[PDB]
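A.B. asks: PDB entry and its sequence, pasted below:
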Amino acid sequence: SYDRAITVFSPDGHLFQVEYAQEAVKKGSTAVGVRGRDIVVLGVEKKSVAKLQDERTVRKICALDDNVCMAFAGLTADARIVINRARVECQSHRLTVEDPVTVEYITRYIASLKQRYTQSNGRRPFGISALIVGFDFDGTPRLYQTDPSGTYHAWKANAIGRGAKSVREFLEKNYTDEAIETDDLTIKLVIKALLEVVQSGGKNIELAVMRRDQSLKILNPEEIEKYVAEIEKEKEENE
Amino acid sequence: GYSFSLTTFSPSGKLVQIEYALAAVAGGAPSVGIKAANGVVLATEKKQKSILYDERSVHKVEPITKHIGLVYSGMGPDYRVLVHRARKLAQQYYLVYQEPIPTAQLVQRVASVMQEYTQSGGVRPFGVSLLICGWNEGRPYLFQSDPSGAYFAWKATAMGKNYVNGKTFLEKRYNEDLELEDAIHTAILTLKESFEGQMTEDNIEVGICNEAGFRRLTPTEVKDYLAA
Amino acid sequence: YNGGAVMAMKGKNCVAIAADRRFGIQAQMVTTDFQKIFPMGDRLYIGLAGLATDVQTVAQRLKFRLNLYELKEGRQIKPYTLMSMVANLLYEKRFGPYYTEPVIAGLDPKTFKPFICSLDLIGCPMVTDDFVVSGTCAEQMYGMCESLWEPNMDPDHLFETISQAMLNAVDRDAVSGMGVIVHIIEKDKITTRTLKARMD
Amino acid sequence: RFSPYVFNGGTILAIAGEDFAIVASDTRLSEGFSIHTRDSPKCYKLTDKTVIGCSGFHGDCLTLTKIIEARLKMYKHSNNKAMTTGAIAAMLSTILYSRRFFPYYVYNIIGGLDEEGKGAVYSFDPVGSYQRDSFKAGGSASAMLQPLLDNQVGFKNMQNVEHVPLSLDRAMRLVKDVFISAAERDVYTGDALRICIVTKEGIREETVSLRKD
Amino acid sequence: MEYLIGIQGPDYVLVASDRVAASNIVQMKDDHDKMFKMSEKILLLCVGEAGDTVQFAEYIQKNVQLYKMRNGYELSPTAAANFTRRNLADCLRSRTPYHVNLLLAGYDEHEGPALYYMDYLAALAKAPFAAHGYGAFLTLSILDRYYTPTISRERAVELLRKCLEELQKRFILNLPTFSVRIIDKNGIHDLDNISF
Amino acid sequence: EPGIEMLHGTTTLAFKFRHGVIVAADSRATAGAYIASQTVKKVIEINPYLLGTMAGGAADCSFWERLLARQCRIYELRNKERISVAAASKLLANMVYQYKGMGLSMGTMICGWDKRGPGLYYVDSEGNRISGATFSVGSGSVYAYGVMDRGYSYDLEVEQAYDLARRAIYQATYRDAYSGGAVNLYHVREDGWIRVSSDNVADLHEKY
Amino acid sequence: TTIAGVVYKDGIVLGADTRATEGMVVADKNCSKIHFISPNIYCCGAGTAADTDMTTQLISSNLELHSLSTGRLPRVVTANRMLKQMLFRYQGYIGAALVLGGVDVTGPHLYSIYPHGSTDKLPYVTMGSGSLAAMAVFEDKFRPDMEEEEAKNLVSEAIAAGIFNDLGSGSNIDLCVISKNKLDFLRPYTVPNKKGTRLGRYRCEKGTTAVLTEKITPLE
Amino acid sequence: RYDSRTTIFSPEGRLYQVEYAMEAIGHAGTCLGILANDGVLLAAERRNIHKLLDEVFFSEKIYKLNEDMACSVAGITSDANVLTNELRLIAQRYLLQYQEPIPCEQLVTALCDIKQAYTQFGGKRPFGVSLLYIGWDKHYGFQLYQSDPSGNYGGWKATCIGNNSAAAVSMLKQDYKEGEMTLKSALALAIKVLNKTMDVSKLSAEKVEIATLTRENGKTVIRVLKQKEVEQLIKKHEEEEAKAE
Amino acid sequence: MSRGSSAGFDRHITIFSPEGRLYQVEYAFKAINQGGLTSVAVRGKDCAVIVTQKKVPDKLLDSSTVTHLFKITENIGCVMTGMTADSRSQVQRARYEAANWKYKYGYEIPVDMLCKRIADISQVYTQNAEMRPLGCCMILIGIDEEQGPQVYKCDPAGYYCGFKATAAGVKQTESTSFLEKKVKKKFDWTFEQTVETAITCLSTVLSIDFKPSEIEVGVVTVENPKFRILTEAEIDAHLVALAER
């Protein structure tokens, strides 16, 4: 196929725009999340170091609301537009159906928008996939992961973007109840997971957790260098 | 390929379509605009191939206000449309603001209006470049409008056929020191340098803009200056 | 309705302008620090009077449009240019009339020439060489100027005369008054003074 | 100026039985103080089982009945089945309310059977708030009619009397008598009488003569 | 109608509202809050035509929360004040019933507390102290006489209590209970209502 | 009347003692001076989760609350769980906020026992949306408020609450010329409202 | 306001006053001078002064650009039609009053534009508040084919009668002469009223008024 | 598989059209900004080799936006004109809506949103321009933002766009300091930068744009540096490499 | 959205050539000569006259219904060359155009202004993507106020000018040559040694002597300014006068 009717079915049916945007997230920076017993960690690398940057602006991690954060991968500006639209919808729900929205509802809204960038020759498909995570109305941990197709599956813990697979089949090989009992080990799994893909050490991996019912707390470059604190956990106790 | 759309850049991020418009401008008629300490003169060539043509049913240099003159180098009808509707813009500016538009905001207007054609698709870029003569608070202004929407202010410039040699000729023959009356003569000299066809009275339309505002030169006056 | 008044008189390369400070809902003062005069340039001010909503609306919208104009032209606006500017803004909302009567006081950015002008509520300038007033107590204020003015006023006398005019006038209007602010635009510096007005 | 509404008069009566639902209306169509015609019925058959009765502004009556016919055909086409009487009532409610800001000046009563085989009468207001009822009168003389219906059908304010169910013959006699009684005090009633008897085996029409004054 | 009041101290703003809504003569909720939580340090007091008040207030609610989440930082009370003034003035020419008289109060880390009077004409005005509703007529005098630009929270509360007692002495309507909150460096603080 | 008055409101009732909410209302359409009907049920079975109330205008109340029923079932499908009382009140208030000043005369009360427990909100034509412990609207609402205020107790036992509702509704219809008909009692117990009874004022007078 | 115009032998001599009356109070002693748009089509107007002014600007613009497109001088009838159709559709709205005059290839012309769009070609019309008195003066003393100075005089007394015999009119007399060749800035032609000498010598004394706060802002 | 009309993906998901747009950026005049502890300074290159040019007034690539910010541009110049007009429009409209100056992040976001939207539904060409932003707000102090036709953007203590830009930043990041970067030292080292990345032609006072952002007395002040200080700095430069040997 | 332009230089008008020459305009120009007709327009000090063939290659036709002189106003007329249908349409267009002119400005449209407006309409076609240029050239005659007669001719390109004498059609180059020769030397042209010379032109350039059934002539005169068409009752007499010399 070529230009017109930008979303055309393939001769077998392989809607080219879909997997074409799918490929867009393999050059996207690798992100990951874990749904823990009472904490949820949201880790992502930034292997475009450009150390003459302001890290504040180039976070991957955005927060949707009092009860939701996310990370993504792919075309950053498109993701920013997604985030703003989702924030608006979340505010509208909290006004009209007033309650803290559940993670599933906002994920379903995201998926509906994402898949409704498939009609209307017009609009082109979005080139992002998201890791929506947050604590519900009840305080249970939740996790949801989508793709440009429009599907909005949920995972125990998943990774997207560059080399996402290797992280995934590291993850089930190590995801267990005696890995999430402690929050420190909970984040340590993510640490090791990106260690498998990071630019050789705790280099520019930005992450934050959301413990139950308080806030999104930015895991920061503390005096201990929170990052390299857990990093050295693995350095000197992985033997 | 990658040179048919106006909507996609080249593999080198380099707009072939605008360049084709530029080449069309180069293929137009010679034109000269000379700034001077007391005015600005615009000169250009009339190419009425047959004497059956009338010079002066239609015109090459068009007034816009008391103190605005336009001249081009390209395909006439594009110039005529742009004049007709830059007039709309200036007339706005006077309607909203009880004072004639300064030349700058006019060339802002015009640059915007042509550029939007470049970035629309399905519409060809305006294949013609423009020259502007103006007089604001009593001091002369000289603008050249690039069909890409670019606009440049020049001490003096020349466009149309063989305009590179014209610009070089101007380089070694103009100074900020000049006045209007000799500016007319030197601009005529510039056109004569690259006229290819033996100046008569009736080949150049001349327009000037001083404190008394922009106004053409009658063919009587063209003869009158060419006498010496 | 809300009440208030503005005024400006010219002079020897010096213009004066003044407006009261009362903000009251049609019978009752709300506060005595309400803004009616607004700076539109280095040496150009506008004073509003009328519905407080239209005052604070026209002022903000003029700030908007004039800032856009300044950035576009890159030059400080002429007083006559601003006059025609505001002459339009009231007019587009013709059948929504902004209930306000602006006045303008300013100088030439090239010569510091004295200049004042006023507008009707839909825009019809009175380019006056001596004075304009607006608001509720227009007639008293006209009366004060019509005698108190004199040609070729040096700035101190100009300030004294505007002070006396407005203090005599607004004292006689029920809905306006309660404090008078005064600005003096001279060729170089700006003086803004507050006046011991009957605060009743 | 121009008045878009006018009161054409007329009275519509419905009674629900066990195997029947009598609808009742005269044909005295008037305007101002003049009789237009003596023979304009105010009860229309919709389906084999449902009969509507309308009163009031007669132009609205015509428009409403024609649009009801149209919607009946639409529903038939869309769902391959005769539209149920209760569905008819709900549809009439919504369609009448569609003109919330320009009301159809019409009073409506629906006569028909349920699909359980029993009689059922729906009463309405000019805007569409309906309710199932065992009996109802609408129109100008509905004021005269209603108390007697309450007294006999509802046995209201009776004492020490068996509440025998209303049989078809008794209902027929009662409706004839109540319109005969109405004809002599109301001005908009008379000149004829149309009676529709909706049963399980179809619809048969009945008509008599009233006071022609 | 109802009654709202704001008092600004050297470093705080104190607000108070009555807690009764009416239909014709009745007071359906005796425990009604007419005062909304704009954001962490900004409180909004609303009154006016029934229906419009809550709708407009929560419209501003969603706007300001969306602003905070879009930017991370916090909207200044002056900025939200002007924003409400615009969102109210624009609707004046296209919403005939939109009566909302407002007292927007809050604190800013830079310029200290700031209290804003807001007539339904959307004519914003700074005030060292202000009030809406009918009872403002009877009370603004008392609030004037015993006011100083500097007042510790204790004298502020006592002056407010004097105001409310004056209402219960003179005002013809029945306003038995009033909600009181104070805004300072440490968020808003709920204060015990004024029962009689 | 050119077909549009529809009501002016007659004698509703609702409160939320510690065994769920009970509601009560009469049944007497007052077409001006002439009764339209004696048997107009005013409690509206929106769903087996939540009960409305007709007052102020018959057609508007019925139509808008039926539309609410559609909307809330849509909500329960999309979210897979029942809508809360507060959310339903919000939906009704937003729906009726438009058409402001066009003649709407709604006076509904939304009642239900959602996850937050008892739920009771007053939603009317002009946009008031307030919760509370005690409510009644209509012409006889004043008499209802009297008797109710003197009967109410959050710890009142269920049967005595029924007695309170019956007494209040009966006194209000006894004074009002515009309220009348048979009284209806609906108890919203734990999940799923339960119809209590539909007794007649004439018999109540003997009982009283 | 009282405006009038005539068609003398070789042009039009418009007349106007300069008393702006905001209500029953003089808005301007020297009202924004009532002559207007681009050459040989000067017009004067009255009514809702603002709209007269801004309508004149609009038509001036729309017609000037037309002429520039033409390369020929505009015609009176052109502006006449434009004013027709614009003072039309906004019928039942503000509109304005106008006296349109000019001297094109077809010689002098003079139409009298009305708010709804009533116009008419006349040798003489009077509009404003004192239009009645001005018309009286004309009908008393108008004879066809007056000379330039004769027409100027005639309009002088025409405006003067309105000045001295009306409440909403009277100030400097303004004359507007347009001919096939020439054009005059008679601004103003003659002033009958002079402000009386101020016998008071108040000479506002310094320090007359107490001042609370004196804030100074040097700029240069 | 095929590229056209700014709305179709290649079988890698990255937009060809915008990547082409970031090629004239590689041809546009070199433009760089430096974030100082107590100011912001910005450099750019003139393509104005022609002596017949005039009217250098007030800028030639430094477009001023609000009361306190200005931007810089590289790419299709008329595209830039439209972008700058639009930027000023929303900046002033934000002020209208809030009576506060636009925070730099908000303005950059609001612009790159439109830039991205032109990489969306439609088909008309995207803006072939990369923008630099210098400004200040009460929230964050001095900030410096880069813009990308893709809508991507970022805060930089130091960045460059234009030809040789990769080399320029390559030297910068081995040269820039954490927070002892004073205005004059930053000027000097920026001039060293521009000298080294500039093409074969000897560096001249007549090819640089130097404009600075400073604060005094509660006001934010932006100047376009006059010539005289430009030869001052450049001759200073040539003599402190007279140290370099 | 729409079918779009076929990809190619000559495939569609909007695309410029490497030298930015509009091919489809040339295609229109050499599409004019379809129909074989060639028209000539000359004007004197008193009259402006336009003459063309009347090809009737069928006598099932009615000579009345076939024509190329279409009165536009009672004062202004025109001639057509090119395909028939687009000429139909532009005749309609200009009739409407001049009527609107008179309605909106109150006086008869000048010839030059009508020509300009028609040229604008033709030009805007060369701007769009599914416009096709109206492949026909249209020539005017009339007396304005003082300039006596004028002759004007727009074209699909939008170019127009005032001509002392002009022609269009197949033998256009030869017509122009003979026109130049005649105009240089003999130039009085009152009414008979006048445009009758252009009839001589048309005959000489085209064929043997004509007899009037093939000729269609319309005139406007300074002393009698109606657009009005002579017949074989008239044109015959003219041409017998011409045959004798």
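C.D. replies: It's in. Numbering: from 1, shown residues only, chains lettered A, B, ... in the order given.
A.B. asks: name the helices or strands packed onto the helix ranked longest in chain E?
C.D. replies: Taking residue count as the measure and DSSP state H as the definition, the longest helix of chain E comes out as helix E:52-71. Taking 3 or more CB pairs under 8 Å, 6 or more residues apart in numbering or on different chains; DSSP states H and E as contact, the helices and strands that helix E:52-71 lies on are strand A:62-65, helix A:76-96, strand E:35-39, strand E:42-48, helix E:77-89, strand E:100-108. All C-beta atoms are positioned from the backbone trio N, CA, C, and that covers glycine.
A.B. asks: Apart from its chain neighbours, what residue comes closest to residue 120?
C.D. replies: Unless you meant another one, I'm taking chain A. Closest residue to residue A:120 in three dimensions, ignoring its sequence neighbours and counting by CB to CB, 6 or more residues apart in numbering or on different chains: residue H:121, at 7.7 Å.
A.B. asks: Actually, chain I is the one I wanted.
C.D. replies: Nearest in space to residue I:120, with sequence neighbours left out and distances taken as CB to CB, 6+ apart, is residue B:81 at 6.7 Å.
A.B. asks: can you pull the buried residues of the one helix or strand that neighbour maps to?
C.D. replies: Secondary structure assigned from DSSP states H and E places residue B:81 in helix B:76-96. Under the neighbour-count criterion of 16 or more other CB atoms under 10 Å in any protein chain shown, helix B:76-96 has B:76-83, B:86-87, B:89-91, B:93-96 buried.
A.B. asks: And residue I:12, how close does it get to chain F?
C.D. replies: Distance check for residue I:12 against chain F: by CB to the nearest CB, to the nearest Å, it reads 49 Å.
A.B. asks: where's that residue relative to residue I:67, distance?
C.D. replies: Summarising the geometry, the distance separating residue I:12 from residue I:67, computed by CB to CB, to the nearest Å, is 34 Å.
A.B. asks: And residue F:1, by the same measure?
C.D. replies: From residue F:1 over to residue I:67 the distance is 72 Å, taken as CB to CB.
A.B. asks: Can you pick out the residue with more neighbours from the two?
C.D. replies: Ranked by neighbour count (other CB atoms under 10 Å in any protein chain shown), residue F:1 and residue I:67 place residue I:67 first, with 14 against 9.
A.B. asks: Now name the helix or strand holding the closest residue in space to that one that isn't next to it in sequence.
C.D. replies: For residue I:67, the nearest residue in space outside its immediate sequence neighbours is residue I:216; the separation is 6.3 Å by CB to CB, 6+ apart. When elements are assigned from DSSP H and E, residue I:216 belongs to strand I:215-221.
A.B. asks: so what does that strand touch, helix or strand wise?
C.D. replies: Other helices and strands packing on strand I:215-221, by 3+ CB pairs under 8 Å, 6+ apart, are strand I:47-53, strand I:69-71, strand I:77-82, strand I:136-143, helix I:196-206, strand I:228-230, helix I:235-243.
A.B. asks: Off-centre distance for the longest one?
C.D. replies: Going back to what we said before, that points to helix I:196-206. For helix I:196-206, the separation from the chain centroid amounts to 16 Å (computed by CA atoms, centre = their mean, to the nearest Å).
A.B. asks: Report all helices and strands that it contacts.
C.D. replies: The criterion is 3+ CB pairs under 8 Å, 6+ apart, and the helices and strands that helix I:196-206 contacts are strand I:39-43, strand I:47-53, helix I:172-185, strand I:215-221, helix I:235-243.
A.B. asks: That one to strand I:47-53, inter-axis angle?
C.D. replies: Taking axes from the mean of the first three to the mean of the last three CA atoms, to 10 degrees, helix I:196-206 and strand I:47-53 form an angle of 20 degrees between their directions.
A.B. asks: which element is the residue of chain I most remote from its centre on?
C.D. replies: Relative to the average C-alpha location in chain I, and by CA atoms, centre = their mean, no residue lies farther out than residue I:1, which sits at 37.7 Å. Using DSSP H and E, residue I:1 maps to neither a helix nor a strand.
A.B. asks: That one is in contact with residue A:121, isn't it?
C.D. replies: Yes - taking CB atoms under 8 Å as the contact criterion, residue I:1 and residue A:121 are neighbours in contact, 7.1 Å apart.
A.B. asks: sec struct for residue E:162, please.
C.D. replies: Reduced to three states with DSSP: H, G, I helix; E, B strand; the rest coil, the structure at residue E:162 is helix.
A.B. asks: give me the number of residues near the closest residue to it other than its chain neighbours?
C.D. replies: Leaving aside its sequence neighbours, residue E:162 sits nearest to residue E:142 (CB to CB, 6+ apart; 6.1 Å). Number of residues near residue E:142 (other CB under 10 Å) recorded here: 16.
A.B. asks: Make sure residue E:142 is indeed in a strand.
C.D. replies: No - inclusion of residue E:142 in a strand is not indicated when three-state DSSP is applied; the result is helix.
A.B. asks: Thought residue E:161 was touching it, still the case?
C.D. replies: No - at 10.9 Å, residue E:142 and residue E:161 do not qualify as touching, with contact defined as CB under 8 Å.
A.B. asks: Next, count neighbours for the closest residue to residue A:10 other than its chain neighbours.
C.D. replies: With sequence-adjacent residues excluded and distances taken as CB to CB, 6+ apart, residue A:10 is closest to residue A:16, at 5.8 Å. Taking other CB under 10 Å as the neighbour definition, residue A:16 ends up with a count of 17.
A.B. asks: State the distance from residue A:16 to residue I:231.
C.D. replies: Residue A:16 is 69 Å from residue I:231, by CB to CB.
A.B. asks: What pairs with the longest strand seen in chain H, parallel or antiparallel?
C.D. replies: For chain H, the longest strand by residue count, based on DSSP state E, is strand H:129-137. The partner list of strand H:129-137 in its sheet, established with DSSP bridges, is strand H:70-75 (antiparallel), strand H:141-147 (antiparallel).
A.B. asks: Need those strands in CSV (columns: mean neighbour count and distance to residue H:226).
C.D. replies: Putting the strands paired with strand H:129-137 into CSV (neighbours: other CB atoms under 10 Å in any protein chain shown; distance: least, CB to CB, whole Å) gives the following:
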stretch, mean neighbour count, distance to residue H:226
strand H:70-75, 26, 16
strand H:141-147, 22, 23
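A.B. asks: Please tabulate the ones you listed in JSON lines, including the columns distance to residue F:24.
C.D. replies: Formatted as JSON lines, those follow (distance: least, CB to CB, whole Å):
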{"stretch": "strand H:70-75", "distance to residue F:24": "69"}
{"stretch": "strand H:141-147", "distance to residue F:24": "65"}
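A.B. asks: Nearest residue to the residue in chain B positioned nearest to chain A in space, please, no chain neighbours.
C.D. replies: Shortest chain B-to-chain A distance, computed as CB to the nearest CB: residue-wise this is residue B:5, at 10.4 Å. Taking CB to CB, 6+ apart, and ignoring the residues beside it in sequence, residue B:5 has residue H:4 as its nearest neighbour in space, at 6.4 Å.
A.B. asks: Now do the phi/psi pair for the one you found.
C.D. replies: Backbone geometry at residue H:4, expressed as degrees, to the nearest 10, gives phi -170, psi 150.
A.B. asks: on that earlier part again, closest one to residue G:57 among the helices and strands packed on strand I:215-221?
C.D. replies: Residue G:57 sits nearest to strand I:136-143 of all these, at 33.8 Å, using CB to CB.
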